[PDB]
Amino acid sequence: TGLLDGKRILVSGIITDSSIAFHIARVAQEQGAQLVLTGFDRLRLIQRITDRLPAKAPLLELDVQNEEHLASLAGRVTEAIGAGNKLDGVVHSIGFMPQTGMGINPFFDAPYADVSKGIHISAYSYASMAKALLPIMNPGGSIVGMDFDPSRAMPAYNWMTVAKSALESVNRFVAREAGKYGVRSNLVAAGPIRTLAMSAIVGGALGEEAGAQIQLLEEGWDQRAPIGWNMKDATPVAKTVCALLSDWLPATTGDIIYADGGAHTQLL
């Protein structure tokens, strides 16, 4: 009697135990889902990480910039879940921007080759993955991607902000395509989560000013959030993704659900 009992769900984006996708996978399994995981490049690492999940789940390789991986993905998923079975859910939890595109590196100095690679991985791939998986998704199914509200500019996030603006637009078009299959497509806009890399940025990995700016953003976020915001706790975000994967938001698509403590609704 879990929220996702019987559902077959693909989850991308695990790379460490602090990955938002690790917590999405954990909560989905606690609620009865059967998972297929996808991982990029370091598959030995990812397998060792996902051994800590509450249940076993097959791990498939997927580099979203690799056309061969995308073309073979549905077949590999079907092999893993059994002929005649389809997916009920897909989680896109993938993002990347080269360091020239973030941090104290000036906005104008990011070469377009770098920005293009960030937009490929962070925005276009939401459409790539939907293209690959919709043919093996059931009616009533759900595609969910992770967003960070890009409606306003901010220090340091720079071209990643642009990539998220693109992703939000991509999501509204994926909803048009997915609708033909009876499938919903939505994003969860999360507040800041202190992953490994974010702690590295606070420690100055992308420059001192950038670290300082992110600490100020984190502090302000919890202040503005009427119910507070705990950057060390991804569980509320994971629960929100599972809500979208369930049968309980059946008339929402092309849309963005804010799991951010309510901060974006408050000026100060």
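We number the residues from 1 along the sequence you see. The term rigid core refers to the maximal set of C-alpha atoms that superpose within 1.5 Å between the two forms.
Rigid core superposition, C-alpha RMS per stretch in 7 other deposited structures of this protein: which comes out larger, 61 to 69 or 216 to 224? More C-alpha displacement in 7 other deposited structures of this protein shows up in 216 to 224.
Once you work out the mean C-alpha B-factor for both 15 to 23 and 255 to 263 from the entry, which is higher? Comparing 255 to 263 with 15 to 23, the higher average CA B-factor belongs to 15 to 23.
Segment of higher mean CA temperature factor, 53 to 61 or 27 to 35: According to the entry, 53 to 61 carries the higher average C-alpha B-factor.
Among the candidates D149, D88, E79, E168, give the one with the maximum CA B-factor reported in the record. Checking the PDB record, the top C-alpha B-factor among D149, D88, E79, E168 is at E79.
Compare the CA B factors listed in the entry for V237, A225, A243, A205 and report the winner. Answer, based on the entry's C-alpha B-factors: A205.
Sort the modelled residues of this chain by their C-alpha B factor and say whether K117 lands in the lowest, middle or highest third. Middle third of the chain for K117's C-alpha B-factor.
Relative to the other modelled residues in the chain, which third contains the C-alpha temperature factor of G179: lowest, middle or highest? CA B-factor rank for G179: middle third.
Could you tell me which third, lowest, middle or highest, the C-alpha B-factor of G145 occupies within its chain? Tercile = lowest for this residue's CA B-factor.
By the record's CA B-factor, is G191 among the lowest, middle or highest third of residues in the chain? According to the entry, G191 has a C-alpha B-factor in the chain's lowest third.
Place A197 in the lowest, middle or highest third of its chain's C-alpha B-factors, as listed in the PDB entry. Highest third, going by the recorded CA B-factors of the chain.
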